[PDB]
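K.L.:
In this text, residue positions in the sequence shown follow the numbering used here: the first is 26, and each later residue adds one.
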Amino acid sequence: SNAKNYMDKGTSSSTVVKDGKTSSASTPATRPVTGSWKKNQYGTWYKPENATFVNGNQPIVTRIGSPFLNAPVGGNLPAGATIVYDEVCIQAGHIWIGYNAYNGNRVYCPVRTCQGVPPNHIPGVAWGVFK
């Protein structure tokens, strides 16, 4: 049925399973169909990409160390904050941007709704300004 879209655990919106057709039938062979995205143990997929996010509309409470909807709290991003991130990750439900604070901790912001699977992510309602 599917080749590699599996992750039997409930991290957030896992076990949705959308893969097959011809994605790993003959195997990636130096060409994964997930694009530039790499997989994380939580089921999250992430790609290195530097872009900017200017927070606005609302102060966004961020998650630290791991992207989930029930992920660790204690990071809150105020509006008017210009965040230059390096990690773009998909935790099914939102797209999360990974950035590091001066404490050396990895903080993730939920930024906008995103559904889908790497590379094609379907955005929804945004709560900030992507730059």
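Built from N, CA and C at the ideal position, the CB exists for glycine as well.
1. Go ahead and label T69 buried or exposed: buried means 16 or more other beta carbons lie within 10 angstroms of its beta carbon, across all protein chains shown.
2. Tell me which same chain residues have a C-beta within less than 7 angstroms of the C-beta of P84, skipping the five on either side of it?
3. Determine the direct distance from the alpha carbon of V79 to that of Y127, and round the result to whole angstroms.
4. From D111 to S26, what distance separates their C-alpha atoms?
5. Given a threshold of 16 other Cβ atoms within 10 Å of its Cβ, counted over all protein chains shown, does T59 qualify as buried or as exposed?
6. Straight-line CA distance for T107 to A28?
7. In chain order, what residues of the same chain lie with their CB nearer than 7 angstroms to the CB of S37, ignoring the 5 residues before and after it?
8. How close, in whole Å, do the beta carbons of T138 and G149 come, if the pair is a contact with beta carbons under 8 angstroms?
9. In the DSSP output, which residue or residues are listed as bridge partners for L102?
10. At 3 residues or longer, and completely inside the segment 90 to 156: list those beta strand (DSSP E) runs for me, N to C.
P.N.:
In brief:
1. Per the 10 Å Cβ criterion, buried.
2. These residues qualify, in order along the chain: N101, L102, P103 and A104.
3. One C-alpha to the other measures close to 18 angstroms.
4. The straight-line gap from Cα to Cα measures roughly 34 angstroms.
5. That one is buried.
6. If you draw a straight line from the Cα of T107 to the Cα of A28, it is about 39 angstroms long.
7. Result list for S37: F93, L94, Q116, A117 and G118, in chain order.
8. 3 angstroms between Cβ atoms; contact.
9. Note: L102 is bridge-paired with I85 in the DSSP secondary-structure output.
10. Listed in chain order, they are 100 to 102, 107 to 116, 118 to 125, 131 to 141 and 146 to 151.
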